Amino acid sequence: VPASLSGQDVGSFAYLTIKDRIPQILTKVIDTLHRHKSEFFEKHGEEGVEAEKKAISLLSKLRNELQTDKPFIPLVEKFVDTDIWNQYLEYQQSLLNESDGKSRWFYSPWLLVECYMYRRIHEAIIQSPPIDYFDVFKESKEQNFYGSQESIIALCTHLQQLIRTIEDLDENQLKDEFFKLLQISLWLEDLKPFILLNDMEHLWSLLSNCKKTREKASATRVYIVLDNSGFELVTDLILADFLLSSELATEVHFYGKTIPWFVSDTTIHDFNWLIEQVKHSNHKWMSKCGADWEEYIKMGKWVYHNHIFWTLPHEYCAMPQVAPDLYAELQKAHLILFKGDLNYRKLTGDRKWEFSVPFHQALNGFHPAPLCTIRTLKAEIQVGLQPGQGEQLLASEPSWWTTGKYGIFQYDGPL
Ligand SMILES: [Mg+2]
Ligand SMILES: [Mg+2]
């Protein structure tokens, strides 16, 4: 397996992200805490203000460690994954030879660096009762929802129009509607040129055959490993409703993040809050969607799962050893959809793979069930391309894979 992406290459996007973007995220977190000082006093009294100041102090220390490339330190505050994290940090140090020194922001794998930063943010918060419940990214995730109301209404209206007629659609029209919603989940004719890899036909073949072959009382389970909250989450819920309504799935299982993560990533609180806001909307079609979605969850047609593994630094190839219960759960899927760039990085180890490497190889043994990554590119990693394809893009458009402009549907599994 190739070397990890990291800040060792000062010309790398990982370097640029660690040097400039991560400090910016921490500053904004600190700003968010500062702006909530009055709310914390109203709800918690003086102990809330002392806790806000403590959290800010800790986050300021964290930002200084990053800005000065200090070595990583063990996590201290008791938490469900503290010991697993410290074991992983010990393991990561063991990979370093004498010349490499100690794990640190601009030397260690970029995946570990970013995951460590968010876990240290969470440590600062859980060290600061009574504000230890606070989600420093909640305001931004709520803002994405409120800012997207027109597109959310339009998409909920589209889905409900679709569902009204869904039993009159032939197989090929149903397929076309499936492909449309998959592209909405990714991001339509104007955007098609920016789909670099399109395995959507293999998803249709897989689920269509499951539907045609399904025996009585048998299940077709589709798992969705989520990325961002807000409009992205809505596109995934809309897809999942279509999957049930079209009978391409009989159950949909969702996996989010146990803690606030990578700013926007959906936690159980974001998931429940968004569905509540859609359900209690006064718009006819948004409200009907939200009601239907809460009913799917009640019946077990939709299931939300929390698992700590997704907010660990480990590459997904480690899941069988580190989270065998989760791996066995994923093996019950008929299809797993992984959303977004971080999932892609974890699927491929965040390594400097050649463009030509097959996705199957880059997964490094992680083959729980048929799976597809639905991803816009925000990292210097992309495998499974045709010879010369990524090279031509680099030469024509040096930023191509880091701007979120290009997308993929990249599949591993049968057919
Ligand atoms: Mg050493
Ligand atoms: Mg995200």
# chains A, B, ... in the order shown; residues from 1 in each chain; ligands from 1

$ residues_near_ligand --ligand "ligand 2" --cutoff "7 Å" --atoms "only C-alpha atoms and all ligand atoms" --output "mmCIF file with C-alpha atoms, in the first residue's frame"
data_model
loop_
_atom_site.group_PDB
_atom_site.id
_atom_site.type_symbol
_atom_site.label_atom_id
_atom_site.label_comp_id
_atom_site.auth_asym_id
_atom_site.auth_seq_id
_atom_site.Cartn_x
_atom_site.Cartn_y
_atom_site.Cartn_z
ATOM 1 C CA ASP A 227 -21.963 12.773 4.970
ATOM 2 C CA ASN A 228 -23.354 16.272 5.402
ATOM 3 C CA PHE A 262 -15.887 17.638 9.881
ATOM 4 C CA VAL A 263 -18.154 20.615 10.524
ATOM 5 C CA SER A 264 -21.264 19.547 8.583
ATOM 6 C CA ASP A 265 -21.475 15.796 9.044
ATOM 7 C CA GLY A 340 -18.901 12.067 0.114
ATOM 8 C CA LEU A 342 -14.254 11.611 3.646
#

$ residues_near_ligand --ligand "ligand 1" --cutoff "12 Å" --atoms "only C-alpha atoms and all ligand atoms" --output "CSV table (one decimal) with C-alpha atoms, in the first residue's frame"
chain,number,residue,atom,x,y,z
A,90,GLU,CA,0.4,4.5,20.0
A,91,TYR,CA,0.1,2.3,16.9
A,92,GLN,CA,0.6,5.3,14.6
A,93,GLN,CA,3.7,6.3,16.5
A,94,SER,CA,5.0,2.7,16.1
A,95,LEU,CA,4.9,3.2,12.3
A,96,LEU,CA,7.4,6.0,12.6
A,97,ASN,CA,11.1,5.3,12.4
A,98,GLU,CA,13.8,7.2,14.4
A,99,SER,CA,14.3,9.8,11.6
A,100,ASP,CA,10.5,10.4,11.5
A,101,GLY,CA,10.3,11.6,15.1
A,102,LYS,CA,6.9,12.0,16.8
A,103,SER,CA,3.3,12.0,15.3

$ atom_distance --atom1 "atom CA of residue 366 of chain A" --atom2 "atom CA of residue 117 of chain A"
25.7 Å

$ closest_residue --among "A:261, A:285, A:255, A:145" --to "residue 164 of chain A" --atoms "only C-alpha atoms"
A:285

$ select_by_dssp --residues "segment 157-299 of chain A" --states "helix (DSSP H, G or I)" --output "number ranges by chain"
A: 157-164, 166-168, 171-186, 192-194, 200-213, 231-245, 268-279, 284-299

$ write_last_selection --atoms "C-alpha atoms" --output "compact mmCIF listing (two decimals), in the first residue's frame"
# COMPACT_ATOMS: atom_id res chain seq x y z
CA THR A 157 -42.64 18.41 -4.39
CA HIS A 158 -40.89 16.45 -7.15
CA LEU A 159 -40.75 13.27 -5.07
CA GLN A 160 -44.39 13.44 -4.11
CA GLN A 161 -45.39 14.05 -7.73
CA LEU A 162 -43.27 11.03 -8.67
CA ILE A 163 -44.73 8.80 -5.99
CA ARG A 164 -48.31 9.59 -7.09
CA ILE A 166 -44.92 5.52 -9.56
CA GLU A 167 -47.00 2.39 -10.25
CA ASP A 168 -47.59 3.52 -13.89
CA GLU A 171 -38.97 -0.39 -15.71
CA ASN A 172 -37.00 1.97 -17.89
CA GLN A 173 -38.82 5.08 -16.68
CA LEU A 174 -38.30 3.91 -13.10
CA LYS A 175 -34.60 3.49 -13.85
CA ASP A 176 -34.41 7.03 -15.24
CA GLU A 177 -36.04 8.41 -12.11
CA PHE A 178 -33.57 6.41 -9.99
CA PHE A 179 -30.65 7.88 -11.94
CA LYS A 180 -32.02 11.39 -11.53
CA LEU A 181 -32.25 11.09 -7.76
CA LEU A 182 -28.79 9.51 -7.57
CA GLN A 183 -27.40 12.54 -9.39
CA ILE A 184 -29.29 14.90 -7.06
CA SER A 185 -27.70 13.00 -4.16
CA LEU A 186 -24.29 13.40 -5.80
CA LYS A 192 -23.37 15.50 -16.55
CA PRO A 193 -19.96 16.34 -18.14
CA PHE A 194 -18.47 16.59 -14.63
CA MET A 200 -25.06 3.86 -11.85
CA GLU A 201 -26.06 1.14 -14.32
CA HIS A 202 -24.55 -1.48 -11.99
CA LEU A 203 -26.61 -0.15 -9.08
CA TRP A 204 -29.79 -0.45 -11.15
CA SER A 205 -28.91 -3.97 -12.30
CA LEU A 206 -28.24 -5.08 -8.74
CA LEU A 207 -31.41 -3.62 -7.18
CA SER A 208 -33.66 -4.35 -10.14
CA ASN A 209 -32.65 -8.01 -9.99
CA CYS A 210 -33.23 -8.05 -6.23
CA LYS A 211 -36.74 -6.67 -6.83
CA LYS A 212 -37.54 -9.13 -9.64
CA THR A 213 -36.16 -12.12 -7.69
CA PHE A 231 -29.66 19.83 1.83
CA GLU A 232 -27.31 16.87 1.31
CA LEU A 233 -29.14 14.89 3.98
CA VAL A 234 -32.46 15.79 2.34
CA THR A 235 -31.24 14.39 -1.00
CA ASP A 236 -30.37 11.09 0.73
CA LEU A 237 -33.71 10.89 2.52
CA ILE A 238 -35.50 11.62 -0.76
CA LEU A 239 -33.47 8.83 -2.44
CA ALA A 240 -34.31 6.44 0.41
CA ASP A 241 -38.05 7.24 0.14
CA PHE A 242 -37.91 6.55 -3.59
CA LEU A 243 -36.08 3.27 -2.91
CA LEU A 244 -38.92 2.10 -0.66
CA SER A 245 -41.72 3.49 -2.82
CA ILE A 268 -28.29 11.60 15.20
CA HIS A 269 -29.29 15.03 16.45
CA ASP A 270 -29.05 16.55 12.97
CA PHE A 271 -30.94 13.61 11.49
CA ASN A 272 -33.83 13.83 13.93
CA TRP A 273 -33.90 17.65 13.85
CA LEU A 274 -34.11 17.84 10.10
CA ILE A 275 -36.87 15.25 9.84
CA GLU A 276 -38.77 17.15 12.52
CA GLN A 277 -38.43 20.44 10.63
CA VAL A 278 -39.67 18.83 7.41
CA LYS A 279 -42.55 17.09 9.20
CA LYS A 284 -48.02 20.64 1.90
CA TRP A 285 -45.38 18.43 0.27
CA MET A 286 -42.50 19.03 2.72
CA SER A 287 -44.92 18.13 5.57
CA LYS A 288 -46.12 14.98 3.80
CA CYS A 289 -42.52 13.85 3.24
CA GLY A 290 -41.57 14.40 6.88
CA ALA A 291 -44.65 12.57 8.15
CA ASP A 292 -43.95 9.64 5.83
CA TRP A 293 -40.32 9.57 6.94
CA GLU A 294 -41.16 9.50 10.64
CA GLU A 295 -43.56 6.66 9.85
CA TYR A 296 -40.83 4.72 8.00
CA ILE A 297 -38.67 5.04 11.12
CA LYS A 298 -41.54 3.94 13.38
CA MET A 299 -42.11 0.81 11.28

$ select_by_dssp --residues "segment 71-300 of chain A" --states "strand (DSSP E or B)" --output "short mmCIF file (atom, residue, chain, number, x, y, z; two decimals) with N, CA and C atoms, in the first residue's frame"
data_model
loop_
_atom_site.label_atom_id
_atom_site.label_comp_id
_atom_site.auth_asym_id
_atom_site.auth_seq_id
_atom_site.Cartn_x
_atom_site.Cartn_y
_atom_site.Cartn_z
N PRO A 71 3.83 17.86 18.74
CA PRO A 71 3.43 16.45 18.65
C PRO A 71 2.07 16.28 19.27
N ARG A 104 2.68 14.19 14.49
CA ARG A 104 2.46 15.63 14.56
C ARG A 104 1.76 16.09 13.29
N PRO A 109 -0.25 11.12 8.85
CA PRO A 109 -1.26 11.01 7.79
C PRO A 109 -2.35 12.06 7.96
N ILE A 195 -19.33 14.34 -14.32
CA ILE A 195 -19.36 12.97 -13.80
C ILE A 195 -18.22 12.20 -14.46
N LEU A 196 -17.16 11.97 -13.70
CA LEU A 196 -15.94 11.38 -14.21
C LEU A 196 -16.02 9.87 -14.31
N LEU A 197 -16.85 9.22 -13.50
CA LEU A 197 -16.91 7.77 -13.39
C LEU A 197 -18.36 7.49 -13.05
N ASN A 198 -19.05 6.67 -13.84
CA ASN A 198 -20.50 6.53 -13.68
C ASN A 198 -20.86 5.06 -13.68
N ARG A 221 -31.97 -4.85 1.61
CA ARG A 221 -31.45 -3.85 2.54
C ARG A 221 -30.45 -2.97 1.82
N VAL A 222 -30.70 -1.67 1.83
CA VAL A 222 -29.78 -0.67 1.30
C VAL A 222 -29.29 0.15 2.49
N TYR A 223 -27.99 0.27 2.62
CA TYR A 223 -27.36 1.02 3.68
C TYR A 223 -26.80 2.29 3.09
N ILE A 224 -26.98 3.39 3.82
CA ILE A 224 -26.45 4.69 3.41
C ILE A 224 -25.56 5.21 4.53
N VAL A 225 -24.27 5.39 4.23
CA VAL A 225 -23.31 5.93 5.17
C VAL A 225 -23.22 7.42 4.83
N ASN A 228 -22.96 15.02 4.77
CA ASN A 228 -23.35 16.27 5.40
C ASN A 228 -24.85 16.32 5.73
N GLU A 251 -35.89 -2.09 3.08
CA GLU A 251 -35.43 -1.39 4.27
C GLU A 251 -34.26 -0.53 3.88
N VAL A 252 -34.15 0.65 4.49
CA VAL A 252 -32.98 1.50 4.36
C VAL A 252 -32.39 1.76 5.74
N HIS A 253 -31.08 1.57 5.86
CA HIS A 253 -30.35 1.76 7.10
C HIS A 253 -29.42 2.92 6.90
N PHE A 254 -29.45 3.87 7.84
CA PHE A 254 -28.61 5.06 7.77
C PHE A 254 -27.56 5.02 8.86
N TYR A 255 -26.33 5.43 8.52
CA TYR A 255 -25.26 5.58 9.50
C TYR A 255 -24.73 7.00 9.50
N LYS A 257 -22.75 10.08 12.31
CA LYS A 257 -21.59 10.25 13.19
C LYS A 257 -22.00 10.43 14.66
N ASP A 265 -21.04 17.17 9.19
CA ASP A 265 -21.48 15.80 9.04
C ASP A 265 -22.61 15.48 10.02
N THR A 267 -25.02 14.01 12.54
CA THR A 267 -25.15 13.24 13.76
C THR A 267 -26.63 12.85 13.97
#
